[PDB]
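Student: Sharing a structure here in structure tokens format.
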Amino acid sequence: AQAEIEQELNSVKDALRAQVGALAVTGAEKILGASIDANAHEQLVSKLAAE
Amino acid sequence: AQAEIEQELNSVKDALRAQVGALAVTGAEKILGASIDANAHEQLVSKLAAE
Amino acid sequence: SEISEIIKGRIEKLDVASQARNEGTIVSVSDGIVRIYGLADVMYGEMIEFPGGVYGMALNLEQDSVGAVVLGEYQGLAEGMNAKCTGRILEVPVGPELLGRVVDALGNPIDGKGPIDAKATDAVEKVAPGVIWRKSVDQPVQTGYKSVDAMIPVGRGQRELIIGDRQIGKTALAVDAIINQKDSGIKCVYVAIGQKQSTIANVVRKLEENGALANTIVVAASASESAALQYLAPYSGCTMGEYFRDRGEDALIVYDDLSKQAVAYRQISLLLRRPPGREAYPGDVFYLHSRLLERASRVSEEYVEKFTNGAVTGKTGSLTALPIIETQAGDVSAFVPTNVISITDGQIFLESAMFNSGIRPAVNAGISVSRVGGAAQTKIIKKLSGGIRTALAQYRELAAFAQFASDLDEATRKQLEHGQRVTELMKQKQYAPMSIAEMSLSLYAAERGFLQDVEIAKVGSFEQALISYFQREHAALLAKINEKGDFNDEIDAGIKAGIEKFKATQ
Amino acid sequence: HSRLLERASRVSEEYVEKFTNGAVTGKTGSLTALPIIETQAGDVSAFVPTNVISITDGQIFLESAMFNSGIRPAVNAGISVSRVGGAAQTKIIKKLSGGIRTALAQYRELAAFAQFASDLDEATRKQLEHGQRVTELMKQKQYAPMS
Amino acid sequence: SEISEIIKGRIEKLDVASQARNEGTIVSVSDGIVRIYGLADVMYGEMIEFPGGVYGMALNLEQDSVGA
Amino acid sequence: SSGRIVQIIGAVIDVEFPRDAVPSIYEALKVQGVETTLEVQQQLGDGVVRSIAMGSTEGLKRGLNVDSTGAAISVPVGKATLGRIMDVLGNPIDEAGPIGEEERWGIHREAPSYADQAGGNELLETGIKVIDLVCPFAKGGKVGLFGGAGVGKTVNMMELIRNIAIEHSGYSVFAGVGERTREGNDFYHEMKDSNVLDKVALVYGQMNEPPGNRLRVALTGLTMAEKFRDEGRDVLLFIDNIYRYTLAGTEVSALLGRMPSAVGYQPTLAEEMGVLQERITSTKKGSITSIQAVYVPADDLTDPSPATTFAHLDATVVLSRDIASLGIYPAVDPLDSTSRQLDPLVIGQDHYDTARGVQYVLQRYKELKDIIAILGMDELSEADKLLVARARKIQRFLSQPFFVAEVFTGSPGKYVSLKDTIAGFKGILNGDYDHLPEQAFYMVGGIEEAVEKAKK
Amino acid sequence: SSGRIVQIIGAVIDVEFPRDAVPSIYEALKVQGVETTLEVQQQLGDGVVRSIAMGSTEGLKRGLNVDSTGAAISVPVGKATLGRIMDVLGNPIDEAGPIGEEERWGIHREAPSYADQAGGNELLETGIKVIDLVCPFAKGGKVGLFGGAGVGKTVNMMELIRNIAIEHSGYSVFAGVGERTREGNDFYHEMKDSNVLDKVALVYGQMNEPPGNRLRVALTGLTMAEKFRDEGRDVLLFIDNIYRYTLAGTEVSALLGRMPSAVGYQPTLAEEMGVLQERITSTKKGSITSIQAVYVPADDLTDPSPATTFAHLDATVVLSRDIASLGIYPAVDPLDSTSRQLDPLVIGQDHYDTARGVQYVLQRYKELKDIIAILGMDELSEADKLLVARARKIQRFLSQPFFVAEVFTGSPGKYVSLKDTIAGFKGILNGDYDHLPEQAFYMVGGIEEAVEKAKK
Amino acid sequence: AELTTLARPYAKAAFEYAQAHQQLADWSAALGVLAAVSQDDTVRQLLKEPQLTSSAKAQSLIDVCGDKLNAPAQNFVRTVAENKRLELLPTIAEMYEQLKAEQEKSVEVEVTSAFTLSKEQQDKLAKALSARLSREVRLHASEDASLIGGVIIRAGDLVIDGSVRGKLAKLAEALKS
Ligand SMILES: Nc1ncnc2c1ncn2[C@@H]1O[C@H](COP(=O)(O)OP(=O)(O)OP(=O)(O)O)[C@@H](O)[C@H]1O
Ligand SMILES: Nc1ncnc2c1ncn2[C@@H]1O[C@H](COP(=O)(O)OP(=O)(O)O)[C@@H](O)[C@H]1O
Ligand SMILES: Nc1ncnc2c1ncn2[C@@H]1O[C@H](COP(=O)(O)OP(=O)(O)O)[C@@H](O)[C@H]1O
Ligand SMILES: [Mg+2]
Ligand SMILES: [Mg+2]
């Protein structure tokens with residue numbers, strides 16, 4: 001019974017940490033979807049050409 | 001303990017919303033490999049309407 | 001208070017560069033087998049990555065397509081979905097961090113107690129130590145049962161089969177053998193193949209109630225899980241048991257149903273369209289169990305010093321196996337039972353007729369055998385088990401005369417009651433393992449004639465009271481015998497004096 | 001066989017009136033079936049016999065040993081059974097034939113046990129004597145039915 | 001359906017025609033059974049001569065091949 | 001998009017869709033014009049899916065357009081299903097018009113996780129002497145009625161339903177899988193006439209229906225029970241024959257392109273059984289108590305289907321054809337039947353000793369039976385002569401007349417409390433009733449009655 | 001030239017070669033960059049060959065290059081193989097370095113021709129009394145060994161290994177067909193401790209190896225034995241279990257997709273047994289004699305495996321658990337053990353009458369012992385009590401101290417000749433030793449040693 | 001069996017012949033035309049009738065192609081028709097090019113960029129891709145508006161992804177694990 005209280009608390013907070021990550025992914029997606037331009041696309045294509 | 005967890009949970013529920021924007025700009029910055037701040041302003045103040 | 005702010009930083013220390021990936025496209029999906037078109041560089045046994053964090057293993061590398069089996073749920077996969085090589089073979093976490101935890105066939109925690117902290121991973125499929133790196137089996141593994149530990153002894157690095165029909169104590173005998181190791185030094189592994197989830201939870205609840213869970217790793221592949229996971233679970237559990245053996249220590253592994261692993265491997269094979277044999281099993285079903293069971297072994301000091309690179313020295317490691325098999329109506333001539341009976345070092349046969357006649361442990365001592373024998377016994381039990389063998393053998397020969405015992409000749413009538421009293425001594429209760437000293441009192445009392453004046457119906461209360469007497473007035477002698485199971489003229493005289501005093505007052 | 005045998009049934013007054021468009025009212029309709037199956041040397045484990053015994057509302061087992069022993073109707077009362085029971089009988093036969101099949105099933109067992117035993121109690125001798133009479137009564141000739 | 005014995009990369013019918021009816025080429029070998037392509041005039045139960053003094057017996061005369 | 005039928009063979013149908021619109025595994029499809037539903041079982045490749053008809057194919061043709069529904073079979077769930085008779089697709093098969101559903105669930109689902117299982121040993125009384133003695137049922141446990149053809153599976157289940165469901169305060173689901181249509185009619189009129197139909201949901205898929213119907217009827221009934229369990233309620237789930245689910249898979253397996261395994265069974269016998277059986281369980285929200293009847297092909301308990309079923313159940317009740325052939329009912333085999341609740345730490349030492357005592361006497365008599373046939377009774381020792389008498393009486397005292405069997409027995413039904421069950425057998429084992437003739441224990445409910453029958 | 005792996009399905013691998021470079025049936029192939037050997041089983045046609053991996057196939061992929069070797073699996077032969085442990089391919093599994101080989105031979109060849117057979121039957125003098133009298137072995141013969149564990153099987157093999165080498169200038173080969181790795185390590189140390197290891201070559205195919213290895217190990221050991229025979233020697237070939245050779249053939253036949261025969265065995269069962277057994281014969285240069293352990297499935301002597309093997313056996317040696325309890329360590333049963341050489345037209349009238357006399361006396365004593373037990377010793381006639389005394393003396397004179405058993409017996413070993421064996425038993429049957437105590441006839445070797453152990 | 005398995009003998013036969021007679025370009029056109037003709041609904045219906053002999057079906061197809069087939073191609077068509085394999089012509093046409101490409105030391109890559117296209121960009125990568133593959137590269141660029149920013153390069157079973165969608169996927173699994 002003593003250990004069950006700590007695993008419950010750390011499980012719920014971890015489940016929350018994953019939800020926060022999914023919102024952060026969406027934010028980063030909306031930001032990039034309104035920030036990529038020719039000067040950045042060339043850098044992405046030329047950087048890939050060395051890999 | 002299940003009653004105690006609900007008291008602290010309602011504090012983090014709103015506290016997380018105050019920092020998701022930072023996670024989104026750093027995420028976008030690491031994905032692009034360059035500065036993103038010039039296009040972060042209007043996204044940081046509006047995305048919170050669905051979190 | 002919060003945690004989320006200190007974990008995101010680590011995620012920003014992960015590579016985003018492009019990586020060459022060999023890829024294919026799903027062409028057909030059916031019964032847990034996904035046929036892919038492409039993947040020219042995938043290896044036999046390599047793991048494939050599907051959309052959604054689903055993984056598979058390549059098993060049919062044919063000329064025009066790859067036949068892969070899903071290590072999870074395949075009802076979300078579809079034609080046209082992309083499939084990617086990972087460059088890796090299947091590996092599972094290993095180390096002391098697994099003790100007291102319940103995990104799936106891939107090492108993921110299912111008990112809900114949190115993430116495992118394992119410091120290393122190892123391959124599920126590996127070769128067994130070669131002939132020249134082994135050492136003869138000469139150390140005991142006590143199961144706590146008088147019938148098994150006295151007549152069918154199991155040694156460190158041995159493979160002893162538990163064979164018999166349904167519902168006769170096969171699981172109880174193996175779980176009690178695990179419970180008895182909580183103070184011994186042997187780490188234990190229990191592998192559940194094709195069992196229902198509520199049954200596995202009753203065994204773990206019983207390991208926890210008896211204090212044995214903290215010394216045990218529980219690997220589960222329940223009846224609703226993919227046949228690939230049920231086929232791989234024994235190899236995953238074996239890999240977790242091999243950690244302790246290769247590092248100079250001792251471990252015990254229980255495969256609760258090798259017959260269910262064979263049934264899962266048959267499903268995958270007939271669905272890949274591999275040519276069938278007897279009872280529809282594939283041509284390599286003998287190699288399936290043999291490749292698994294030859295890993296249970298005892299390795300020499302030179303193998304442990306070579307593996308540990310000098311760190312561990314002077315110690316020989318081992319892995320002991322207790323595979324379980326179910327027979328249909330006592331038919332030991334079936335294909336899978338015949339294979340495993342020929343691979344193992346000995347067999348413990350449980351019988352339905354004995355179990356229904358009140359002989360609870362149900363061990364048929366007339367056909368059960370251990371090829372290691374007396375080398376797997378301590379000095380005291382090796383000396384008192386010899387007469388127990390003769391008395392039961394005599395009872396099997398002269399047991400019809402029980403109804404005509406009056407007309408029997410006196411010598412034979414003396415042998416008949418001795419046989420009936422030794423037979424009643426073998427009866428024991430579940431979750432009641434006995435120590436080397438406590439087993440020695442019962443075996444000594446019967447073998448030295450101290451039961452000739454006890455009614456065959458009071459032999460049990462006599463045993464239970466005798467042990468309780470010695471636990472109070474002879475605690476120092478029981479502690480002495482429990483050091484190594486040693487025997488000499490002072491211990492023999494000491495036990496005799498205590499039994500004579502017991503009869504005089506209790 | 002299941003698609004064939006599920007048609008043999010009793011239909012309600014509401015079913016007949018709808019089909020007959022009101023022409024027939026207040027009448028139930030029925031189709032009773034008597035399928036026959038042949039076994040090889042009494043083997044019921046064969047695929048087809050196993051299927052049909054699991055579909056019908058009962059079975060009448062005819063035994064070859066009984067046929068050769070003089071009991072020509074050859075109905076094995078222990079193995080044969082009706083899943084409708086007393087509901088398929090008229091009041092007179094229903095009351096008079098009460099537990100006769102289960103009593104015949106027990107008499108066949110009592111006879112084999114008491115074959116080489118010493119004199120038994122009145123209860124046993126009485127049951128053994130009563131059993132040999134219903135067994136002889138169940139015998140009948142072909143083409144000679146009884147009202 | 002399934003690929004048959006005549007369906008091979010080297011059975012190139014560039015010159016669609018038939019010649020040599022008393023000679024053939026071995027297509028495959030397995031557990032004492034040989035498939036031969038081209039023996040157009042072989043009789044059922046006839047002795048077939050292979051190199052190194054070995055003999056076969058013709059049992060299957062098909063459209064596309066001979067089984068021996 | 002839209003698909004065309006390309007290949008009809010028996011109950012199996014192939015439908016070809018655009019290569020960008022291939023429906024998912026287990027997805028439901030609808031034929032245009034004809035009223036027929038097809039469930040995708042396999043994706044062969046090139047936009048084609050292999051499906052099984054949930055109806056007849058006599059009216060189907062090649063080239064008929066098929067529509068993708070985007071999901072698996074969705075059946076109605078909740079309070080609206082109580083007091084109604086339904087088919088595999090959830091359509092009402094009673095004349096009471098439509099069902100007022102407020103939600104539909106998909107018949108396919110994952111089994112509860114390892115962390116969601118719950119353990120309980122509350123003892124459930126049945127009122128039958130043999131079961132209450134050797135097979136004590138527990139609330140939230142899984143029971144199986146194993147037996148061949150004509151030994152009592154339906155009758156015994158009906159008696160339990162009567163001795164438990166009628167008193168049960170919670171709801172109940174009854175699923176008739178591959179059952180006789182006559183049994184379904186008798187049970188419906190029985191629940192309706194008994195006023196208990198209000199708390200019982202009825203799903204029927206009889207032997208006259210296509211293989212696909214008999215293959216999914218069990219998932220429909222279980223989906224309704226899972227909705228009630230997840231509401232926090234205590235539920236009873238009765239399945240008429242779960243073997244018909246395995247058999248429907250054998251009937252269709254070869255047409256699905258699967259090679260046969262041992263005893264001509266589908267190679268997926270153990271997984272298809274595990275996927276169904278792991279959902280019928282009592283989690284931490286609510287408790288499903290379930291009774292399943294298990295058919296045993298040719299009375300052989302070693303047949304792959306019965307043999308794979310034992311490991312999924314808590315209580316295993318075995319019915320014997322040799323006992324039924326002697327006019328003895330219920331024909332439960334005390335030496336073959338078993339229960340997890342049979343443990344002194346769960347019930348008590350007095351009950352356990354009585355049960356093991358009965359088993360010991362019957363096990364010893366199974367060997368003296370042949371000894372008595374050859375030679376004679378006289379040649380036995382007195383202890384054997386005395387034991388043979390008690391064994392024959394105990395065998396008879398296990399027989400109890402049931403109310404549901406009055407039509408067949410002709411006598412009134414009886415209900416025996418476990419106390420009377422323990423008392424009577426203990427007395428017979430002690431030898432107190434050694435003064436009574438053997439015929440007095442046959443169908444006599446409590447031991448008291450036996451004392452009265454001896455006087456008639 | 002070189003080919004490419006085209007398909008991998010378990011232990012079965014298909015390899016494609018140029019049309020002018022297709023490898024022959026049974027040819028050994030090498031995968032580039034991996035220690036894996038493939039034996040070719042069938043030529044599918046169109047450049048492609050079907051082979052069985054002689055090792056694990058984990059980590060292999062399509063397109064790897066494969067090299068033809070020009071010949072079948074070729075193993076080291078001669079003196080350098082003595083005192084060494086090798087795998088199916090002839091590699092040194094012991095950590096003792098490379099084998100000092102001077103020559104290598106392919107494992108596949110035809111049996112010696114009709115013209116190469118020896119001109120009669122010559123007994124092999126094993127030096128063991130019970131064997132040389134009741135179970136006479138012919139040179140070039142096959143002996144079936146029957147019995148359980150812990151009855152002296154290993155000690156009997158070590159004594160035969162010592163005697164063929166020291167008393168006949170021969171050598172031995174041991175083929176571990178499906179060897180248990182624990183028992184293989186124990187046997188190697190027991191032979192080193194018993195000083196017999198330098199007289200035998202050890203070839204092991206362990207149980208965890210693929211089916212192809214377990215099938216070919218018998219041919220590897222037989223190839224080493226053939227070399228010594230050509231040298232001008234009489235050789236012993238020990239096969240750990242001939243049933244496992246049959247099963248490995250069944251496994252390989254199923255992997256290659258062949259249609260199974262009666263009781264599920266391979267269609268080639270009699271041919272695979274004949275190819276192995278026909279090489280073991282007495283030629284005009286030397287003679288390979290074989291001792292083979294035999295396992296009987298389900299205790300059925302009519303099963304295809306026992307049936308086929310018994311057709312090639314010249315003698316049957318049965319080891320008895322009962323005899324061992326008496327104290328006769330050789331433990332060969334004189335009544336159940338038999339030989340086809342026990343014919344007066346082969347061993348002469350004198351050897352035959354002596355052996356049949358011993359068996360006659362031992363039979364009567366076994367019948368009389370049941371009389372003595374049921375009715376008592378006084379019920380016997382004077383002639384019967386005299387026979388019992390000779391039978392007991394005969395029974396103990398069948399015992400013998402072996403040079404490898406000095407650690408157990410505490411006495412020096414003995415090698416009795418056939419001449420001394422016949423003379424000793426002939427006297428005891430005639431009564432020339434009726435005055436001596438039976439114990440004087442226990443663990444002594446020749447008959448003069450019983451007379452001396454008596455004076456004391 | 002896989003259409004590829006059934007088409008492997010026919011395709012290798014066409015290629016070994018075209019190579020030893022220097023016709024690797026003529027057969028490409030002939031096989032592409034034969035594959036094309038067979039797929040037409042009228043020709044598809046004709047080839048599926050029980051009235052026509054193998055020679056009649058074979059002849060009808062050579063007549064529609066005509067000059068497109070050189071003497072050898074027409075005979076190959078007669079071999080395919082005799083064996084009843086006219087439904088495999090599209091597959092036979094495809095595998096011929098693959099054997100030819102490995103011979104010519106070339107690859108047909110299938111590049112997909114997000115929102116930009118430039119003549120300089122195609123060559124910038126064709127040098128590295130050629131260097132990596134050790135073959136000449138016939139790029140086939142196209143448009144994939146689905147991508148936020150980047151390009152996906154497919155060549156054989158190799159897939160070099162440098163698209164932001166790919167970095168999104170990585171970041172997402174990392175954050176939820
Ligand atoms: N001393 C005993 N030893 C073993 N079993 C006992 C003993 N005393 C009572 N039993 C009971 O016998 C039954 C044995 O069940 P167990 O699960 O071990 O059998 P099993 O053969 O493994 O069954 P299954 O084949 O279904 O797994 C249990 O009810 C157990 O409590
Ligand atoms: N307890 C019982 N009392 C009387 N008849 C019974 C009893 N159990 C079964 N029967 C007989 O068997 C049939 C009903 O059993 P049922 O449940 O249909 O058996 P099963 O389901 O095993 O085929 C009827 O014909 C009935 O006469
Ligand atoms: N000839 C012998 N002389 C003395 N003791 C022997 C002899 N043969 C066997 N034994 C005894 O029997 C045991 C088992 O014999 P062994 O050859 O090892 O049989 P197995 O290999 O089946 O185990 C030996 O360890 C020894 O104790
Ligand atoms: Mg179990
Ligand atoms: Mg029924």
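All residue names refer to the structure tokens as shown: chains lettered A, B, ... in order, residues numbered from 1 in each chain, ligands numbered from 1 in order.
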Over all Cα atoms paired in order, how far apart are chain B and chain A after a least-squares superposition, as an RMSD in Å?
Tutor: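 The root-mean-square deviation of C-alpha positions is 10.0 Å.
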Student: Determine, counting only C-alpha atoms, which protein, DNA and RNA residues have an atom within 10 Å of an atom of residue 63 of chain G; residues of the same chain fewer than 3 positions away are not included. Present the result as a ChimeraX atom specification.
Tutor: /C:40-41,63 /G:3-7,15-16,60,66
Student: Go ahead and dump the residues you just picked, N, CA and C atoms, as an mmCIF file, in the first residue's frame.
Tutor:
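Written file, out-v2.cif:
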data_model
loop_
_atom_site.group_PDB
_atom_site.id
_atom_site.type_symbol
_atom_site.label_atom_id
_atom_site.label_comp_id
_atom_site.auth_asym_id
_atom_site.auth_seq_id
_atom_site.Cartn_x
_atom_site.Cartn_y
_atom_site.Cartn_z
ATOM 1 N N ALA C 40 15.456 -5.515 -49.748
ATOM 2 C CA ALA C 40 16.486 -6.422 -50.261
ATOM 3 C C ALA C 40 17.640 -6.732 -49.288
ATOM 4 N N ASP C 41 17.874 -5.896 -48.274
ATOM 5 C CA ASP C 41 18.934 -6.064 -47.274
ATOM 6 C C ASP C 41 18.455 -6.577 -45.906
ATOM 7 N N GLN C 63 12.493 -15.271 -52.660
ATOM 8 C CA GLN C 63 13.181 -14.515 -53.734
ATOM 9 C C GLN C 63 12.438 -13.239 -54.078
ATOM 10 N N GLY G 3 28.107 -18.427 -56.694
ATOM 11 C CA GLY G 3 26.668 -18.198 -56.799
ATOM 12 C C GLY G 3 26.175 -17.201 -55.756
ATOM 13 N N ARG G 4 24.863 -16.981 -55.663
ATOM 14 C CA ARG G 4 24.246 -16.029 -54.733
ATOM 15 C C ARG G 4 23.052 -16.618 -54.009
ATOM 16 N N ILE G 5 22.949 -16.440 -52.697
ATOM 17 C CA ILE G 5 21.772 -16.889 -51.938
ATOM 18 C C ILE G 5 20.529 -16.205 -52.517
ATOM 19 N N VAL G 6 19.486 -16.942 -52.896
ATOM 20 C CA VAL G 6 18.237 -16.385 -53.449
ATOM 21 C C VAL G 6 17.052 -16.542 -52.501
ATOM 22 N N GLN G 7 17.074 -17.512 -51.588
ATOM 23 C CA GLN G 7 15.979 -17.737 -50.648
ATOM 24 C C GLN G 7 16.443 -18.444 -49.367
ATOM 25 N N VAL G 15 20.364 -21.399 -53.495
ATOM 26 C CA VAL G 15 21.496 -20.649 -54.049
ATOM 27 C C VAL G 15 21.478 -20.730 -55.564
ATOM 28 N N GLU G 16 21.691 -19.630 -56.252
ATOM 29 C CA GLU G 16 21.709 -19.552 -57.715
ATOM 30 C C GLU G 16 23.138 -19.420 -58.240
ATOM 31 N N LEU G 60 21.795 -14.128 -41.872
ATOM 32 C CA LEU G 60 22.027 -14.228 -43.315
ATOM 33 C C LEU G 60 20.981 -13.395 -44.066
ATOM 34 N N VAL G 66 28.424 -17.180 -52.574
ATOM 35 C CA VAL G 66 28.678 -18.546 -52.124
ATOM 36 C C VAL G 66 29.692 -19.181 -53.062
#
Student: With only C-alpha atoms as the counted atoms, please give the residues lying no more than 7 Å from residue 77 of chain H, apart from itself and same-chain residues fewer than 4 positions off, as a PyMOL selection string.
Tutor: chain H and resi 58+73+81
Student: Those same residues - N, CA and C atoms - I'd like them written as a short mmCIF file (atom, residue, chain, number, x, y, z; two decimals), in the first residue's frame.
Tutor:
data_model
loop_
_atom_site.label_atom_id
_atom_site.label_comp_id
_atom_site.auth_asym_id
_atom_site.auth_seq_id
_atom_site.Cartn_x
_atom_site.Cartn_y
_atom_site.Cartn_z
N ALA H 58 -1.63 -15.38 -80.53
CA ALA H 58 -0.28 -14.88 -80.74
C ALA H 58 -0.21 -14.02 -82.00
N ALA H 73 11.38 -10.60 -81.69
CA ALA H 73 10.30 -10.22 -80.75
C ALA H 73 9.03 -10.99 -81.09
N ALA H 81 2.64 -16.85 -75.88
CA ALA H 81 1.30 -17.32 -76.21
C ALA H 81 1.17 -18.85 -76.12
#
Student: For ligand 5, list the contacting residues at 8 Å or closer, counting only C-alpha atoms and all ligand atoms, as a ChimeraX atom specification.
Tutor: /F:149-150,152-155,179,240-241
Student: Output the selection as a PDB file, in the first residue's frame - C-alpha atoms for each residue.
Tutor:
ATOM      1  CA  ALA F 149     -24.131 -35.001 -27.039  1.00  0.00           C
ATOM      2  CA  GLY F 150     -27.280 -35.692 -24.919  1.00  0.00           C
ATOM      3  CA  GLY F 152     -27.342 -32.403 -19.850  1.00  0.00           C
ATOM      4  CA  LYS F 153     -25.326 -29.197 -20.804  1.00  0.00           C
ATOM      5  CA  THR F 154     -28.476 -27.093 -21.623  1.00  0.00           C
ATOM      6  CA  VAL F 155     -30.610 -28.568 -18.801  1.00  0.00           C
ATOM      7  CA  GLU F 179     -28.236 -23.655 -30.637  1.00  0.00           C
ATOM      8  CA  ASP F 240     -25.159 -21.835 -24.941  1.00  0.00           C
ATOM      9  CA  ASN F 241     -22.230 -23.430 -26.864  1.00  0.00           C
TER      10      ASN F 241
END
Student: Could you superimpose chain G onto chain F using all C-alpha atoms, paired one by one in order, and tell me the resulting RMSD in Å?
Tutor: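 When all C-alpha atoms are superposed, the deviation is 3.8 Å.
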Student: Counting only C-alpha atoms and all ligand atoms, what residues are within 9 Å of ligand 3, given as a PyMOL selection string?
Tutor: (chain C and resi 371-372) or (chain G and resi 147-159+183+187+190+324+327-331+399-409)
Student: If you run DSSP on the backbone, which residues of segment 15-186 of chain C are helix (DSSP H, G or I), as a list in words?
Tutor: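 DSSP on the backbone gives helix (DSSP H, G or I) at residues 96, 97, 98, 131, 132, 133, 146, 147, 148, 149, 150, 151, 170, 171, 172, 173, 174, 175, 176, 177, 178 and 179 of chain C.
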Student: Ligand 1: which residues are within 6 Å, counting only C-alpha atoms and all ligand atoms? Reply as a ChimeraX atom specification.
Tutor: /C:166-172,360-361,428-430 /F:311,340
Student: Compile the residues of chain G that lie within 12 Å of chain H, evaluated using only C-alpha atoms, and express the compilation as a ChimeraX atom specification.
Tutor: /G:45-47
Student: Write the selection just made, keeping N, CA and C atoms, as a short mmCIF file (atom, residue, chain, number, x, y, z; two decimals), in the first residue's frame?
Tutor:
data_model
loop_
_atom_site.label_atom_id
_atom_site.label_comp_id
_atom_site.auth_asym_id
_atom_site.auth_seq_id
_atom_site.Cartn_x
_atom_site.Cartn_y
_atom_site.Cartn_z
N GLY G 45 16.93 -26.75 -61.03
CA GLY G 45 16.98 -26.36 -62.43
C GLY G 45 16.98 -24.84 -62.62
N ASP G 46 17.38 -24.37 -63.80
CA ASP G 46 17.51 -22.93 -64.12
C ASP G 46 18.66 -22.23 -63.39
N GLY G 47 19.68 -23.00 -62.97
CA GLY G 47 20.87 -22.52 -62.26
C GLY G 47 20.80 -22.61 -60.74
#
Student: Only residues of chain A matter here; which ones have an atom within 9 Å of chain B, counting only C-alpha atoms? Give them as a PyMOL selection string.
Tutor: chain A and resi 5+8-9+13+16+20-21+23-32+34-36+40+44
Student: Next, write the just-selected residues to a file, as a short mmCIF file (atom, residue, chain, number, x, y, z; two decimals), in the first residue's frame, keeping C-alpha atoms as the atom set.
Tutor:
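What landed in selection_5.cif:
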data_model
loop_
_atom_site.label_atom_id
_atom_site.label_comp_id
_atom_site.auth_asym_id
_atom_site.auth_seq_id
_atom_site.Cartn_x
_atom_site.Cartn_y
_atom_site.Cartn_z
CA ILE A 5 0.93 5.87 -3.66
CA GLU A 8 0.29 6.32 -8.89
CA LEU A 9 1.68 9.89 -8.59
CA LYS A 13 2.59 13.01 -14.00
CA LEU A 16 0.73 14.45 -18.42
CA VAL A 20 2.52 18.29 -23.05
CA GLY A 21 4.94 16.82 -25.63
CA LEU A 23 1.02 19.95 -27.80
CA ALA A 24 4.68 21.09 -28.20
CA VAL A 25 4.97 19.00 -31.44
CA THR A 26 1.82 20.71 -32.83
CA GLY A 27 3.18 24.16 -31.86
CA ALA A 28 6.53 23.48 -33.54
CA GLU A 29 4.60 22.27 -36.65
CA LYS A 30 2.43 25.48 -36.77
CA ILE A 31 5.56 27.67 -36.30
CA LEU A 32 7.57 25.92 -39.08
CA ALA A 34 4.60 29.76 -41.11
CA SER A 35 8.46 30.17 -41.19
CA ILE A 36 9.98 28.06 -44.07
CA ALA A 40 15.77 28.13 -45.51
CA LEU A 44 17.86 22.21 -45.99
#
Student: Step one, run DSSP on the backbone; step two, keep only residues of segment 170-262 of chain F assigned to strand (DSSP E); then write them as a VMD selection string.
Tutor: chain F and resid 171 to 177 200 to 205 234 to 239
Student: So, with only C-alpha atoms as the atoms that count, which of E:30, E:25, E:18, E:1 lies closest to chain G?
Tutor: E:30
